[PDB]
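**Student:** Chains as they are written, first to last, in the numbering used here: chain A, 191 to 245; chain B, 92 to 185; chain C, 56 to 149. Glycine included, C-beta positions come from ideal geometry on N, C-alpha and C.
#1: Taking its Cβ as the centre, do 16 or more other Cβ atoms sit within 10 Å of residue 144 of chain C, making it buried, or is it exposed?
#2: Using a Cβ-Cβ distance under 8 angstroms, would residue 143 of chain C count as near chain A?
#3: What is the DSSP secondary structure of residue 218 of chain A, counted as helix, strand or coil?
#4: Checking contacts by CB at 8 angstroms: is residue 125 of chain C closer than that to chain A?
#5: Considering only residues of the same chain and omitting the five flanking positions on each side of residue 68 of chain C, which have a CB-CB separation below 6 angstroms?
#6: Is residue 113 of chain B helix, strand or coil when you go by DSSP?
#7: What are the start and end residues of each continuous beta strand (DSSP E) run of 3 or more residues lying completely inside the segment 157-183 of chain B, in chain order?
#8: Compute the Euclidean distance between the alpha carbons of residue 223 of chain A and residue 146 of chain C, then round it to the nearest angstrom.
#9: Do residue 132 of chain C and residue 219 of chain A count as a contact pair if the criterion is CB distance below 8 angstroms?
#10: With residue 226 of chain A and residue 217 of chain A assumed to form a contact (beta carbons below 8 angstroms), what rounded beta-carbon distance in angstroms separates them?
#11: What residue from C:120, C:70, C:122 has the CA that sits closest to residue 58 of chain C's CA?
#12: Which of the three DSSP states is assigned to residue 228 of chain A in this structure?
#13: Cβ of residue 160 of chain B less than 8 angstroms from any chain C Cβ?
#14: In angstroms with no decimal places, state the Cα-to-Cα distance between residue 122 of chain C and residue 240 of chain A.
#15: Answer with buried or exposed for residue 186 of chain A, where buried requires no fewer than 16 other C-beta atoms within 10 angstroms of its C-beta.
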């Protein structure tokens with residue numbers, strides 16, 4: 191459920207996840223679905239992030 | 092045939108390989124304009140460069156290896172004297 | 056009027072076939088190549104001691120490359136331009 195420039199979101203998600211992983215995380219962007227896929231379980235840490243940003 | 096003679100003389104076994112024949116840009120314009128470069132030449136320049144790069148890499152790594160070993164030995168011989176430098180004086184005497 | 060019982064080259068009776076001067080030439084040529092081979096195979100530059108871990112730095116990195124290469128595999132990004140781009144089938148010239 192993402193409405194907007196999803197690449198904008200992927201920049202931020204990647205940049206936020208990188209210092210934790212040590213490497214830039216693998217991603218699949220879907221513009222038609224409005225969907226982002228990220229490799230591994232980051233669920234817990236992503237909730238906390240999308241709360242901060244207020245989404 | 093006669094690759095043997097060619098080898099003794101220092102040329103290529105196959106007159107195709109690397110001789111003056113294959114290297115030169117066979118066709119040019121009337122005006123004298125240089126031709127668009129050939130594909131056989133191009134990829135060969137690429138791979139010859141790969142070969143050179145790797146000769147340099149290996150030679151350098153071998154010299155670095157030998158340097159490292161010598162260094163390690165000199166350090167060892169130096170630790171042997173560090174032993175003398177640290178030791179306590181024996182007060183046992185006859 | 057002369058037969059070679061059974062199959063020509065298989066059994067306990069075979070076709071007699073003789074060795075030829077050509078074959079001797081070839082065999083000896085190949086030997087000479089091998090002799091020259093082990094001459095050059097005889098004398099190492101570094102000793103066995105000296106060559107220890109001389110590149111463990113590169114050989115770690117090569118494997119990191121081999122790992123990253125697989126880490127990178129995921130289903131590719133799907134973009135807006137293709138789905139809507141398909142609509143171009145019905146383009147009308149009026």
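**Tutor:** So, from the data block:
#1: When all chains shown are included, residue 144 of chain C counts as exposed.
#2: False, the Cβ-Cβ gap to chain A never drops below 8 angstroms.
#3: Residue 218 of chain A falls in the strand class under three-state DSSP.
#4: Using a Cβ-Cβ cut-off of 8 angstroms, residue 125 of chain C does not count as an interface residue toward chain A, since no Cβ of chain A sits closer than that to its own.
#5: Counting only Cβ-Cβ distances below 6 angstroms, and skipping sequence neighbours, we find 60.
#6: Note: residue 113 of chain B maps to helix in three-state DSSP.
#7: For the segment 157-183 of chain B, there is no continuous beta strand (DSSP E) assignment of 3+ residues that stays within its boundaries.
#8: Rounded to the nearest whole angstrom, the CA to CA distance from residue 223 of chain A to residue 146 of chain C is 25 angstroms.
#9: A distance below 8 angstroms separates the beta carbons of residue 219 of chain A and residue 132 of chain C.
#10: Yes, residue 226 of chain A and residue 217 of chain A are in contact; Cβ-Cβ is about 7 angstroms, under 8 angstroms.
#11: Nearest to residue 58 of chain C by alpha-carbon distance, out of C:120, C:70, C:122, is C:70.
#12: Residue state, collapsed to three classes: strand.
#13: Residue-level contact check: residue 160 of chain B touches chain C, since one or more beta carbons of chain C fall below 8 angstroms from its beta carbon.
#14: Residue 122 of chain C and residue 240 of chain A have their alpha carbons spaced roughly 31 angstroms apart.
#15: Since the first residue of chain A shown is 191 and the last is 245, residue 186 of chain A is not available in this structure.
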